[PDB]
Amino acid sequence: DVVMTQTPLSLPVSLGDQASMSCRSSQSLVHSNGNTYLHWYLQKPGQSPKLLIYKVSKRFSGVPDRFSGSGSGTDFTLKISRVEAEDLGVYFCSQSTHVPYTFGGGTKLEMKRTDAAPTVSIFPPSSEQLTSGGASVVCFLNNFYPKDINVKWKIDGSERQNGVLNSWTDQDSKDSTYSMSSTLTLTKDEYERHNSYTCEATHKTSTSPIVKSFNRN
Amino acid sequence: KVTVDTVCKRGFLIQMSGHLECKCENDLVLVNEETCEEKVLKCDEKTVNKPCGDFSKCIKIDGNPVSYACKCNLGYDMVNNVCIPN
Amino acid sequence: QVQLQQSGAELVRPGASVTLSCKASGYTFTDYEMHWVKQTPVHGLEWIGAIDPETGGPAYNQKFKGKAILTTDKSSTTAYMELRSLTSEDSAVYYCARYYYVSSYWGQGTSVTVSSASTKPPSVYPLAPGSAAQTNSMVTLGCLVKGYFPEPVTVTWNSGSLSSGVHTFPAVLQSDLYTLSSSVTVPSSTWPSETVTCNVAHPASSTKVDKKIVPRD
């Protein structure tokens with residue numbers, strides 16, 4: 001199979017910037033008919049991918065002329081001359097020279113802004129839940145930038161991976177930040193056998209973990 | 001022979017110059033009045049009889065070292081490498 | 001104009017099969033192949049196979065041989081994909097697309113969710129701070145909405161009067177059931193002196209729940 005690799009995974013830009021993305025193939029995409037079947041798509045959230053450029057550099061009907069593609073053999077490049085708000089989304093390249101047809105992993109074009117440290121909030125089980133035998137501790141990590149973030153749960157100091165459910169928001173359309181929710185679910189039994197519950201965030205804005213804790217006491 | 005009831009294959013009717021024509025979608029080429037197909041860029045054994053341009057197809061020419069060429073259909077002259085009615 | 005109308009969202013028990021449809025209109029059906037493509041967050045875009053509607057002949061990505069079966073019906077200009085013996089790996093969005101050297105038009109996509117659950121209302125748990133908030137500070141409250149099926153649940157705060165400072169996190173399916181959480185952030189001068197309530201609706205079970213967030217004691 002031909003593997004398609006796209007760089008970068010995330011392209012933060014400000015409106016009006018130029019943008020450039022790379023797509024490389026593991027095998028030449030020149031077809032025996034002379035053509036090169038390398039195409040670019042834009043996919044916005046909740047929608048299907050839409051064709052932008054086909055056969056390396058041909059603009060699909062109706063596509064704004066700020067998009068241009070170039071390249072040859074294995075290396076290809078999509079450029080956006082001046083980024084607009086409607087351009088944010090995930091850009092996929094794909095080849096239809098070789099069966100099976102394959103796609104790259106996508107480059108996500110996103111809004112750049114200044115760094116923002118997450119607001120971390122931790123919440124113990126409600127009494128409603130505890131009467132059922134289950135216990136969930138919830139940690140929100142809200143309105144942070146950049147998007148990269150790591151969350152570790154600690155029970156009395158011991159790192160715990162089982163029982164953790166995580167969910168991420170898309171980039172906020174007003175302040176360009178990201179947010180995260182992390183839920184650690186236990187039995188009431190195990191929950192009452194421990195004291196310190198701690199949500200620890202690793203993010204660019206602090207060199208040490210950002211820590212919210214709750215003591216059952 | 002293009003009329004209001006012609007169905008343009010991978011193309012569409014448009015008034016160009018005086019009357020109706022099938023214009024190809026994307027970068028396809030005319031293989032006849034009402035048929036648009038993919039344009040190969042090389043004429044060799046792997047593309048024989050395939051479209052190489054509007055009203056042009058890759059042909060195999062029988063001489064010694066067998067050769068291939070993009071030849072216009074009957075009724076057209078390759079003028080500066082573009083088929084145009086004779 | 002050219003239209004590819006895919007069938008609605010599917011909820012499928014593990015081991016069952018389901019058949020997806022792609023109704024083509026606005027072009028000559030037999031002039032283009034139909035491709036089907038799978039999309040997941042983990043594995044990205046994957047070409048499933050192609051079918052020539054003039055002959056019904058399919059060609060398959062080796063990865064999906066035996067998992068997918070492509071047919072076409074000329075009279076109705078519809079392409080079908082049958083997925084067989086579904087596992088959790090088959091949960092995805094599935095697209096059909098019109099292809100002639102490039103896929104210029106795509107369907108809107110079909111959501112397939114594999115789960116053994118029947119319709120099930122959520123449990124709705126308040127998330128309230130453990131400690132009182134300082135003067136002129138922000139307070140983050142929340143609601144945990146867990147153990148439901150299928151999507152969607154909706155969440156609002158104070159019947160939608162609290163809209164800024166809200167983060168509703170996308171639902172996550174785990175062990176056949178969805179979990180979702182939502183946070184809201186308000187000045188300490190507004191809560192708990194004014195009431196804050198998350199309103200949860202699950203239309204599939206005709207469930208509507210209001211959960212006032214009360215301070216912990």
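Chain letters run A, B, ... following the sequence lines, proteins first, then strands; residues in each count from 1.
Judged by distance alone, the side chains of C:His167 and A:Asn143 do bring a donor and an acceptor atom under 3.5 Å apart. One side chain, C:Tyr99 or A:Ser96, offers a donor N or O that lies under 3.5 Å from an acceptor on the other. Checking A:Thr185 against A:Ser136 by side-chain atom types alone, a donor-acceptor pair falls below 3.5 Å. No hydrogens or angles considered: nothing links the side chains of C:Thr185 and A:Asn142 as a donor-acceptor pair under 3.5 Å. For the residue pair A:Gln95 and A:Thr102, a side-chain donor N or O sits within less than 3.5 Å of a side-chain acceptor on the partner. No side-chain donor from either of C:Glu151 and C:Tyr178 sits under 3.5 Å from a side-chain acceptor of the other.
Electrostatic pairing of A:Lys204 and A:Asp148 does not count as a salt bridge here, judged by no charged N lying under 4.0 Å from a carboxylate O. The existence of a salt bridge linking A:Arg160 and A:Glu190 is confirmed by a sub-4.0 Å separation between a basic side-chain nitrogen and an acidic carboxylate oxygen.
Without hydrogens or angle criteria, A:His39 side chain to A:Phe92 main chain gives no donor-acceptor distance under 3.5 Å. Checked by atom type and distance alone, the side chain of A:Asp1 never pairs as donor or acceptor with a backbone atom of A:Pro100 at under 3.5 Å. Side-chain N or O atoms of C:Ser7 include none that pairs as donor or acceptor with a backbone N or O of C:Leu20 at under 3.5 Å. Proximity of a side-chain donor or acceptor of C:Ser115 to a complementary backbone N or O of C:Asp176 within less than 3.5 Å is detected. In this structure, the side chain of C:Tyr125 does not engage the main chain of C:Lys146 through any donor-acceptor pair within 3.5 Å. Between the side chain of A:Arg216 and the backbone N or O of A:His194, at least one donor-acceptor pair lies under 3.5 Å. For the pair A:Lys188 (side chain) and A:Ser132 (backbone), a donor-acceptor distance under 3.5 Å is absent. Formation of a donor-acceptor pair under 3.5 Å by the A:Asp156 side chain with backbone atoms of A:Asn195 is found in this model. In this structure a side-chain-to-backbone donor-acceptor pair under 3.5 Å is missing from C:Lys38 to C:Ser91. A:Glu110 places no side-chain N or O within donor-acceptor distance of the main-chain N or O of A:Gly89, the cut-off being under 3.5 Å.
Across every non-hydrogen atom of C:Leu141 and C:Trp157, the tightest pair is C-CH2, 4.4 Å.
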**Report entry** Trace of the ring pair (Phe, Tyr, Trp, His ring centres under 6.0 Å) decision for A:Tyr41 with C:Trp106
**Finding:** CA-CA 11 Å; A:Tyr41 297 86; C:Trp106 296 49; 5.3 Å; yes
Requested in this report: List the steps, then state whether side chain to side chain contact (heavy atoms under 4.5 Å, CB included) holds for A:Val137 with A:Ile122.
Outcome: CA-CA 7 Å; A:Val137 192; A:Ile122 192 180; 3.8 Å; yes
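With rounding to the nearest 0.5 angstrom, the OG1 atom of A:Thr205 is 9.5 Å from the CZ atom of A:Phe144. Within the model, atoms CD of C:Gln6 and NZ of C:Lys23 stand 14.0 Å from one another, a figure rounded to the nearest 0.5 Å. Interatomic distance, A:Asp170 CG to A:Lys147 NZ, rounded to the nearest 0.5 Å: 8.5 Å. Taking CG of C:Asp210 as the start and OG1 of C:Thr156 as the end, the distance is 7.5 Å to the nearest 0.5 Å. Expressed to the nearest 0.5 Å, how far CD of A:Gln171 lies from OG of A:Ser179 amounts to 11.0 Å. Taken to the nearest 0.5 Å, the CE atom of A:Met4 stands 12.0 Å off from the CG atom of C:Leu45.
In this structure, the side chains of A:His98 and A:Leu29 come closer than 4.5 Å at one or more pairs of heavy atoms. Using a 4.5 Å heavy-atom threshold, the side chains of A:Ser25 and A:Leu38 count as separate. Between C:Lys120 and C:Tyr148, every side-chain heavy-atom pair lies at or beyond the 4.5 Å cut-off.
When ring centroids are compared, A:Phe140 and A:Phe123 come within the 6.0 Å threshold. Taking the six-membered ring for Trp, A:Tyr37 and A:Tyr101 have ring centres at least 6.0 Å apart.
Because its NZ or CZ atom is not both nearer than 6.0 Å to the ring centre of A:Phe67 and within 45° of the ring axis, A:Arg59 does not count as a cation-pi partner of that residue.
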